[PDB]
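Okay, run_31.tsv is below, TSV, C-alpha atoms and all ligand atoms:
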chain	number	residue	atom	x	y	z
A	1	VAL	CA	-7.95	-4.03	7.11
A	2	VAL	CA	-9.55	-4.04	10.56
A	3	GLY	CA	-12.99	-2.45	10.88
A	4	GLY	CA	-13.57	-2.14	7.15
A	5	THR	CA	-16.38	-2.88	4.72
A	6	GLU	CA	-16.34	-4.63	1.36
A	7	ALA	CA	-15.33	-2.28	-1.43
A	8	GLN	CA	-17.39	-2.19	-4.60
A	9	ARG	CA	-15.92	-4.06	-7.59
A	10	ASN	CA	-14.94	-0.91	-9.48
A	11	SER	CA	-14.11	1.52	-6.68
A	12	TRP	CA	-10.31	1.24	-6.48
A	13	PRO	CA	-8.97	0.12	-9.91
A	14	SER	CA	-5.35	1.03	-9.13
A	15	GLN	CA	-5.10	-1.54	-6.31
A	16	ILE	CA	-3.09	-4.71	-6.97
A	17	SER	CA	-2.25	-7.90	-5.07
A	18	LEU	CA	1.44	-8.81	-4.78
A	19	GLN	CA	1.84	-12.57	-4.67
A	20	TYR	CA	4.74	-14.96	-4.20
A	21	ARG	CA	4.88	-18.63	-5.15
A	22	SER	CA	4.61	-20.86	-2.11
A	23	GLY	CA	4.91	-24.53	-2.96
A	24	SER	CA	2.88	-25.16	-6.10
A	25	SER	CA	0.51	-22.26	-5.42
A	26	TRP	CA	0.61	-18.46	-5.23
A	27	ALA	CA	-0.14	-16.58	-2.02
A	28	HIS	CA	-1.04	-12.93	-1.45
A	29	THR	CA	1.56	-11.20	0.70
A	30	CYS	CA	1.19	-7.46	0.11
A	31	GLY	CA	-0.77	-4.80	-1.71
A	32	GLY	CA	0.52	-2.29	-4.24
A	33	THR	CA	-0.54	0.46	-6.64
A	34	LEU	CA	-0.44	0.44	-10.44
A	35	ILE	CA	1.25	3.70	-11.50
A	36	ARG	CA	2.25	2.84	-15.08
A	37	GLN	CA	0.89	0.13	-17.40
A	38	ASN	CA	4.11	-1.74	-16.59
A	39	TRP	CA	5.17	-0.27	-13.22
A	40	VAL	CA	3.89	-0.98	-9.70
A	41	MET	CA	4.58	0.93	-6.49
A	42	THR	CA	4.77	-0.96	-3.19
A	43	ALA	CA	6.67	-1.17	0.12
A	44	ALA	CA	10.37	-2.04	0.19
A	45	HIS	CA	9.87	-4.46	3.09
A	46	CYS	CA	7.43	-6.47	0.94
A	47	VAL	CA	10.09	-7.36	-1.63
A	48	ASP	CA	12.99	-7.78	0.79
A	49	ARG	CA	12.85	-11.58	0.51
A	50	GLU	CA	14.44	-13.73	-2.19
A	51	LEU	CA	11.05	-14.92	-3.49
A	52	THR	CA	9.48	-15.13	-6.94
A	53	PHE	CA	6.75	-12.50	-7.23
A	54	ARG	CA	3.76	-11.94	-9.49
A	55	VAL	CA	1.15	-9.17	-9.71
A	56	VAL	CA	-2.62	-9.47	-10.07
A	57	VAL	CA	-4.72	-6.55	-11.33
A	58	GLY	CA	-8.51	-6.42	-11.66
A	59	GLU	CA	-8.65	-8.62	-8.56
A	60	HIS	CA	-11.59	-8.56	-6.13
A	61	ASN	CA	-12.00	-12.00	-4.51
A	62	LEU	CA	-8.67	-13.72	-3.85
A	63	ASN	CA	-10.14	-17.25	-3.94
A	64	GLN	CA	-12.73	-16.87	-6.72
A	65	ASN	CA	-12.60	-16.15	-10.44
A	66	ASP	CA	-13.94	-12.63	-10.95
A	67	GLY	CA	-13.49	-12.75	-14.71
A	68	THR	CA	-11.54	-9.48	-14.59
A	69	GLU	CA	-8.08	-10.57	-13.38
A	70	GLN	CA	-4.82	-10.17	-15.31
A	71	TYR	CA	-1.73	-12.07	-14.10
A	72	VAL	CA	1.67	-10.54	-14.80
A	73	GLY	CA	5.17	-11.45	-13.68
A	74	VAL	CA	7.69	-9.09	-12.09
A	75	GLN	CA	10.81	-8.60	-14.20
A	76	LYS	CA	12.76	-6.04	-12.16
A	77	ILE	CA	12.63	-4.83	-8.56
A	78	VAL	CA	14.00	-1.43	-7.56
A	79	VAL	CA	14.18	-0.72	-3.83
A	80	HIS	CA	15.06	2.71	-2.46
A	81	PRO	CA	18.87	2.96	-2.07
A	82	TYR	CA	18.42	4.22	1.48
A	83	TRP	CA	16.09	1.39	2.54
A	84	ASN	CA	17.45	-0.56	5.51
A	85	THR	CA	16.12	-4.12	5.84
A	86	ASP	CA	13.91	-4.73	8.88
A	87	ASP	CA	14.43	-1.05	9.85
A	88	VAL	CA	10.99	0.30	8.95
A	89	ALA	CA	11.23	3.17	11.48
A	90	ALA	CA	14.03	4.78	9.43
A	91	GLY	CA	11.74	5.31	6.46
A	92	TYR	CA	12.50	4.84	2.76
A	93	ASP	CA	10.02	1.97	2.77
A	94	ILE	CA	9.20	2.08	-0.93
A	95	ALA	CA	9.98	0.05	-4.05
A	96	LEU	CA	9.12	-0.01	-7.75
A	97	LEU	CA	8.38	-3.16	-9.74
A	98	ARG	CA	8.74	-3.31	-13.50
A	99	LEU	CA	6.23	-5.80	-14.91
A	100	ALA	CA	7.19	-8.41	-17.49
A	101	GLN	CA	4.29	-7.18	-19.61
A	102	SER	CA	2.09	-4.10	-19.95
A	103	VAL	CA	-1.40	-4.65	-18.54
A	104	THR	CA	-4.64	-3.65	-20.27
A	105	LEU	CA	-6.62	-0.78	-18.78
A	106	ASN	CA	-10.40	-0.97	-18.39
A	107	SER	CA	-13.00	-0.12	-15.75
A	108	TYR	CA	-11.26	-2.47	-13.27
A	109	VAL	CA	-7.62	-1.69	-14.07
A	110	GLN	CA	-6.55	1.95	-13.91
A	111	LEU	CA	-3.46	3.94	-12.98
A	112	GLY	CA	-3.50	5.57	-9.56
A	113	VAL	CA	-2.86	9.32	-9.66
A	114	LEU	CA	0.11	10.56	-7.65
A	115	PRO	CA	0.27	13.83	-5.67
A	116	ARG	CA	2.48	16.77	-6.59
A	117	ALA	CA	5.89	16.75	-4.90
A	118	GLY	CA	5.92	18.16	-1.36
A	119	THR	CA	2.16	18.10	-0.84
A	120	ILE	CA	1.24	17.68	2.84
A	121	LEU	CA	-2.37	17.12	3.91
A	122	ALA	CA	-4.19	19.05	6.62
A	123	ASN	CA	-5.04	17.20	9.82
A	124	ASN	CA	-8.13	15.03	9.58
A	125	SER	CA	-8.10	14.84	5.77
A	126	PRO	CA	-10.54	12.25	4.33
A	127	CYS	CA	-8.69	9.12	3.18
A	128	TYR	CA	-9.46	5.43	2.66
A	129	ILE	CA	-7.10	2.47	3.14
A	130	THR	CA	-7.79	-0.59	0.98
A	131	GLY	CA	-6.49	-4.16	1.06
A	132	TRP	CA	-6.95	-7.89	1.64
A	133	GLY	CA	-5.00	-7.83	4.92
A	134	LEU	CA	-6.01	-9.29	8.30
A	135	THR	CA	-9.51	-8.24	9.34
A	136	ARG	CA	-8.48	-8.60	12.98
A	137	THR	CA	-5.26	-8.58	14.99
A	138	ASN	CA	-3.80	-12.09	14.69
A	139	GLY	CA	-6.80	-13.03	12.54
A	140	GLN	CA	-6.94	-13.99	8.87
A	141	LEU	CA	-6.75	-12.36	5.43
A	142	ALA	CA	-9.91	-11.00	3.82
A	143	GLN	CA	-11.34	-12.83	0.81
A	144	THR	CA	-12.71	-9.71	-0.88
A	145	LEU	CA	-11.13	-6.23	-1.04
A	146	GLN	CA	-11.86	-4.24	2.12
A	147	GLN	CA	-11.85	-0.49	2.67
A	148	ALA	CA	-11.91	1.71	5.74
A	149	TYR	CA	-12.31	5.44	6.31
A	150	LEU	CA	-8.96	6.56	7.75
A	151	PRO	CA	-8.57	10.33	8.39
A	152	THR	CA	-5.06	11.77	8.54
A	153	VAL	CA	-3.25	12.72	11.75
A	154	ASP	CA	-0.77	15.52	11.07
A	155	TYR	CA	2.94	15.17	11.86
A	156	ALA	CA	2.76	17.49	14.89
A	157	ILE	CA	0.18	15.28	16.61
A	158	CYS	CA	1.43	11.90	15.35
A	159	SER	CA	5.00	12.64	16.44
A	160	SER	CA	3.83	13.58	19.93
A	161	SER	CA	4.51	11.37	22.96
A	162	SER	CA	0.94	10.11	23.34
A	163	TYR	CA	1.12	8.83	19.76
A	164	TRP	CA	4.15	7.55	17.85
A	165	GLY	CA	6.75	9.95	19.18
A	166	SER	CA	10.16	9.86	17.49
A	167	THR	CA	9.32	6.65	15.65
A	168	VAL	CA	7.48	8.57	12.92
A	169	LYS	CA	9.25	10.98	10.55
A	170	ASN	CA	8.13	13.79	8.25
A	171	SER	CA	8.62	11.45	5.29
A	172	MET	CA	5.63	9.48	6.61
A	173	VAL	CA	1.84	9.94	6.80
A	174	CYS	CA	-0.33	8.90	9.75
A	175	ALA	CA	-3.99	7.93	9.34
A	176	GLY	CA	-6.60	6.47	11.70
A	177	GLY	CA	-5.70	5.61	15.29
A	178	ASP	CA	-9.26	5.41	16.63
A	179	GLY	CA	-8.88	1.90	18.06
A	180	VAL	CA	-11.50	0.50	15.69
A	181	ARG	CA	-10.16	0.78	12.13
A	182	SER	CA	-6.66	0.35	10.74
A	183	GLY	CA	-4.32	-1.44	8.39
A	184	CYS	CA	-3.17	-4.95	9.33
A	185	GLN	CA	-0.73	-7.64	8.14
A	186	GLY	CA	-1.21	-8.15	4.42
A	187	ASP	CA	-2.24	-4.57	3.66
A	188	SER	CA	1.43	-3.50	3.45
A	189	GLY	CA	2.59	-1.84	0.27
A	190	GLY	CA	-0.96	-0.82	-0.58
A	191	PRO	CA	-2.46	2.64	-1.20
A	192	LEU	CA	-3.96	5.28	1.07
A	193	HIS	CA	-6.44	7.14	-1.17
A	194	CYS	CA	-7.12	10.73	-0.14
A	195	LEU	CA	-9.72	13.12	-1.58
A	196	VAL	CA	-8.04	16.28	-2.88
A	197	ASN	CA	-9.83	18.80	-5.08
A	198	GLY	CA	-12.64	16.40	-5.92
A	199	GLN	CA	-10.29	13.61	-6.98
A	200	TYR	CA	-8.74	10.64	-5.19
A	201	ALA	CA	-4.95	10.42	-5.17
A	202	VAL	CA	-2.56	7.92	-3.56
A	203	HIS	CA	-0.74	9.82	-0.78
A	204	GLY	CA	0.66	6.81	1.06
A	205	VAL	CA	2.13	3.32	0.82
A	206	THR	CA	1.10	1.23	3.86
A	207	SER	CA	4.15	0.52	6.01
A	208	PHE	CA	3.67	-0.42	9.66
A	209	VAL	CA	1.46	-0.58	12.76
A	210	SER	CA	2.09	-0.98	16.50
A	211	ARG	CA	3.81	-4.11	17.79
A	212	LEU	CA	0.92	-4.31	20.27
A	213	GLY	CA	-1.72	-4.81	17.58
A	214	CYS	CA	-3.29	-3.49	14.38
A	215	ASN	CA	-6.11	-1.32	15.77
A	216	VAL	CA	-4.60	0.36	18.81
A	217	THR	CA	-5.92	3.67	20.15
A	218	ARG	CA	-3.57	6.57	19.37
A	219	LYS	CA	-1.30	4.35	17.28
A	220	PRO	CA	-2.43	5.26	13.75
A	221	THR	CA	-1.39	3.19	10.76
A	222	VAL	CA	1.84	4.60	9.30
A	223	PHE	CA	2.43	5.13	5.58
A	224	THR	CA	5.38	6.24	3.51
A	225	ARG	CA	4.56	9.75	2.25
A	226	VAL	CA	4.41	9.35	-1.52
A	227	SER	CA	4.78	13.09	-2.17
A	228	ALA	CA	8.30	12.91	-0.70
A	229	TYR	CA	9.47	10.56	-3.46
A	230	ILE	CA	8.00	11.95	-6.68
A	231	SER	CA	11.42	12.89	-8.01
A	232	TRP	CA	12.90	9.49	-7.12
A	233	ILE	CA	9.99	7.66	-8.78
A	234	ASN	CA	10.27	9.69	-11.99
A	235	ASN	CA	14.04	9.10	-12.09
A	236	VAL	CA	13.65	5.31	-11.76
A	237	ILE	CA	10.99	4.87	-14.44
A	238	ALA	CA	12.86	7.26	-16.73
A	239	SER	CA	16.06	5.20	-16.65
A	240	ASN	CA	14.57	1.70	-16.53
B	301	LIG	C1	2.62	-5.20	6.37
B	301	LIG	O1	1.37	-5.61	6.07
B	301	LIG	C2	3.23	-6.57	5.93
B	301	LIG	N1	4.36	-6.76	5.35
B	301	LIG	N2	4.69	-8.12	5.53
B	301	LIG	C3	3.74	-8.63	6.20
B	301	LIG	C4	3.55	-10.06	6.58
B	301	LIG	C5	4.77	-10.85	6.16
B	301	LIG	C6	2.33	-10.61	5.87
B	301	LIG	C7	3.37	-10.16	8.07
B	301	LIG	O2	2.77	-7.72	6.49
B	301	LIG	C8	2.27	-4.95	7.85
B	301	LIG	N3	3.31	-4.12	8.42
B	301	LIG	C9	4.39	-4.75	8.87
B	301	LIG	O3	4.49	-5.98	8.90
B	301	LIG	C10	5.51	-3.86	9.38
B	301	LIG	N4	6.04	-4.30	10.66
B	301	LIG	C11	7.29	-4.94	10.79
B	301	LIG	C12	7.95	-5.52	9.57
B	301	LIG	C13	9.25	-5.14	9.22
B	301	LIG	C14	9.90	-5.74	8.14
B	301	LIG	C15	9.25	-6.73	7.40
B	301	LIG	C16	7.96	-7.12	7.75
B	301	LIG	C17	7.32	-6.52	8.83
B	301	LIG	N5	7.84	-5.11	11.94
B	301	LIG	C18	7.18	-4.65	13.06
B	301	LIG	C19	5.95	-4.02	13.00
B	301	LIG	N6	5.29	-3.45	14.06
B	301	LIG	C20	5.34	-3.83	11.71
B	301	LIG	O4	4.22	-3.34	11.55
B	301	LIG	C21	0.89	-4.21	7.96
B	301	LIG	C22	1.01	-2.79	7.43
B	301	LIG	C23	0.46	-4.16	9.41
Please re-express this file's structure in structure tokens.
Amino acid sequence: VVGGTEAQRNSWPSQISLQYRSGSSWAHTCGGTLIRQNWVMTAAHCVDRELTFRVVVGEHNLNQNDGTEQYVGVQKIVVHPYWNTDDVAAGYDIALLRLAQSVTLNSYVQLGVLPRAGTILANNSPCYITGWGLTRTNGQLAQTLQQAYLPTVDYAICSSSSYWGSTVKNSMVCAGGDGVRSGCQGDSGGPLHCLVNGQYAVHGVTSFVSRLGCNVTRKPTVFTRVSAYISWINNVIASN
């Protein structure tokens, strides 16, 4: 997250860190959202590689024992049937991970609430992106969970020429684009929390940014619109 601030320890309990084993250690690669005690929602492009993954919940500082972490393995990965490797502009950038074990819920580990199917947010809706991603373009990962106020940019504006044009689809959500704050490498697969009716719900799964850089003016961070896949999500968990 570029232009963010450190999130409080118990602010975003649904956030998880998706890690893969590199050598004899584990390294954070993407974010994700806990939606069931044994199911995690993330980006398809995060699990496109033939790597061994693990999930960490109750995580705050990547390199320090917080005394709240739970480490669980991934037992099954379900990518959207229409997902096309490396083709993030086509959409369908979403995947579900079935955990090897059910995690324990407490003040640091909670399920993120999903929006009702078809829900679209008004322009400039208050949202927050969270993650341990790069704090600067071509910089380095954050040590502690970061958060940044990222207001939505409706489809009409985001799909305009001065913005993303045809690259963005209606199955996506645009947030930010002020040139100061944004998502960045390592935030992928994570949640976009938006305030709706006094409650925070996960309306997006972080997908991509401009090839030019993370925080580019008029190039908001793009997310998969969660509300467009509620039926798919329910179908997967129900038969797995
Ligand atoms: C997303 O954070 C993410 N996913 N993988 C990674 C690495 C491996 C840590 C860099 O970071 C990142 N978004 C993207 O990387 C999306 N992206 C791609 C792309 C496509 C397929 C697989 C990986 C990456 N390609 C081009 C551009 N412009 C992208 O943003 C953050 C959300 C910024």
Emit as JSON the padded axis-aligned box for all listed atoms of range 110-122 of chain A, 4 Å per side, with centre and edge lengths in Å to one decimal.
{"center_x": -0.3, "center_y": 10.5, "center_z": -3.6, "size_x": 20.5, "size_y": 25.1, "size_z": 28.5}
*Option closest in space to ligand LIG 301 (chain B), from A:80, A:45, A:54, A:169 [counting only C-alpha atoms and all ligand atoms]*: A:45
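As for CA of residue 18 in chain A and CA of residue 53 in chain A, they are spaced 6.9 Å apart.
Take CA of residue 97 in chain A and CA of residue 120 in chain A: the distance between them is 25.4 Å.
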*Residue neighbourhood range 149-155 of chain A, 6 Å, all atoms listed in the file, exclusion window fewer than 5 positions, as a PyMOL selection string*: chain A and resi 123-128+174-176
Could the residues in this selection be saved with C-alpha atoms as a CSV table (one decimal), in the coordinates of the input?
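To be explicit, this is the file written out as result.csv:
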chain,number,residue,atom,x,y,z
A,123,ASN,CA,-5.0,17.2,9.8
A,124,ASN,CA,-8.1,15.0,9.6
A,125,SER,CA,-8.1,14.8,5.8
A,126,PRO,CA,-10.5,12.2,4.3
A,127,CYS,CA,-8.7,9.1,3.2
A,128,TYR,CA,-9.5,5.4,2.7
A,174,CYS,CA,-0.3,8.9,9.8
A,175,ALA,CA,-4.0,7.9,9.3
A,176,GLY,CA,-6.6,6.5,11.7
*Taking (-10.8, -8.4, 2.8) in the file's coordinates, which residues come within 10 Å, counting all atoms listed in the file, written as an MDAnalysis selection string?*
chainID A and resid 1:2 4:7 60:62 130:135 140:147 186:187
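Atom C20 of ligand LIG 301 (chain B) is positioned 25.6 Å from CA of residue 118 in chain A.
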Could you give me, as JSON lines, every chain A residue with an atom at most 6 Å from ligand LIG 301 (chain B), plus its closest atom pair and distance in Å to one decimal, counting only C-alpha atoms and all ligand atoms, rows ordered by chain then number?
{"residue": "A:29", "atom": "CA", "partner": "B:LIG301", "partner_atom": "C6", "distance": 5.3}
{"residue": "A:45", "atom": "CA", "partner": "B:LIG301", "partner_atom": "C15", "distance": 4.9}
{"residue": "A:46", "atom": "CA", "partner": "B:LIG301", "partner_atom": "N1", "distance": 5.4}
{"residue": "A:86", "atom": "CA", "partner": "B:LIG301", "partner_atom": "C14", "distance": 4.2}
{"residue": "A:88", "atom": "CA", "partner": "B:LIG301", "partner_atom": "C13", "distance": 5.7}
{"residue": "A:183", "atom": "CA", "partner": "B:LIG301", "partner_atom": "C22", "distance": 5.6}
{"residue": "A:184", "atom": "CA", "partner": "B:LIG301", "partner_atom": "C23", "distance": 3.7}
{"residue": "A:185", "atom": "CA", "partner": "B:LIG301", "partner_atom": "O1", "distance": 3.6}
{"residue": "A:186", "atom": "CA", "partner": "B:LIG301", "partner_atom": "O1", "distance": 4.0}
{"residue": "A:187", "atom": "CA", "partner": "B:LIG301", "partner_atom": "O1", "distance": 4.5}
{"residue": "A:188", "atom": "CA", "partner": "B:LIG301", "partner_atom": "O1", "distance": 3.4}
{"residue": "A:206", "atom": "CA", "partner": "B:LIG301", "partner_atom": "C22", "distance": 5.4}
{"residue": "A:207", "atom": "CA", "partner": "B:LIG301", "partner_atom": "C22", "distance": 4.8}
{"residue": "A:208", "atom": "CA", "partner": "B:LIG301", "partner_atom": "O4", "distance": 3.5}
{"residue": "A:209", "atom": "CA", "partner": "B:LIG301", "partner_atom": "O4", "distance": 4.1}
{"residue": "A:210", "atom": "CA", "partner": "B:LIG301", "partner_atom": "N6", "distance": 4.7}
{"residue": "A:211", "atom": "CA", "partner": "B:LIG301", "partner_atom": "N6", "distance": 4.1}
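The closest residue to residue 34 in chain A, picked from A:138, A:15, A:215, A:224 and counting only C-alpha atoms, is A:15.
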*If we count all atoms listed in the file, what is near residue 38 in chain A at a cut-off of 7 Å, once residues fewer than 3 positions away on the same chain are taken out, given as a ChimeraX atom specification?*
/A:98-99,101-103
*Selection: 7 Å around residue 193 in chain A, only C-alpha atoms, excl. self and same-chain fewer than 6 positions, as a count of residues only*: 7
*Considering only C-alpha atoms, state which residue in the set A:41, A:168, A:117, A:180 is at the smallest distance from residue 227 in chain A.*
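Distance minimum relative to residue 227 in chain A lands on A:117.
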*Which is closest to residue 170 in chain A among A:96, A:109, A:121, A:44, if we use only C-alpha atoms?*
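Result for the nearest residue to residue 170 in chain A: A:121.
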_Restricting the calculation to only C-alpha atoms: of A:89, A:40, A:113, A:27, which residue gets closest to residue 72 in chain A?_
A:40
Could you name the residues that touch residue 58 in chain A at 7 Å or less, counting all atoms listed in the file, but leaving out those on the same chain fewer than 6 positions away, as a compact mmCIF listing (two decimals) with C-alpha atoms, in the frame of the given file?
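Contents of part22.txt, freshly written:
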# COMPACT_ATOMS: atom_id res chain seq x y z
CA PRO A 13 -8.97 0.12 -9.91
CA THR A 68 -11.54 -9.48 -14.59
CA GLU A 69 -8.08 -10.57 -13.38
CA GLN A 70 -4.82 -10.17 -15.31
CA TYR A 108 -11.26 -2.47 -13.27
CA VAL A 109 -7.62 -1.69 -14.07
Please provide the set of residues having any atom within 7 Å of residue 43 in chain A, restricted to all atoms listed in the file, with same-chain residues fewer than 6 positions apart removed, written as a short mmCIF file (atom, residue, chain, number, x, y, z; two decimals) with C-alpha atoms, in the frame of the given file.
data_model
loop_
_atom_site.label_atom_id
_atom_site.label_comp_id
_atom_site.auth_asym_id
_atom_site.auth_seq_id
_atom_site.Cartn_x
_atom_site.Cartn_y
_atom_site.Cartn_z
CA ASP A 93 10.02 1.97 2.77
CA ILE A 94 9.20 2.08 -0.93
CA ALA A 95 9.98 0.05 -4.05
CA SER A 188 1.43 -3.50 3.45
CA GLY A 189 2.59 -1.84 0.27
CA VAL A 205 2.13 3.32 0.82
CA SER A 207 4.15 0.52 6.01
#
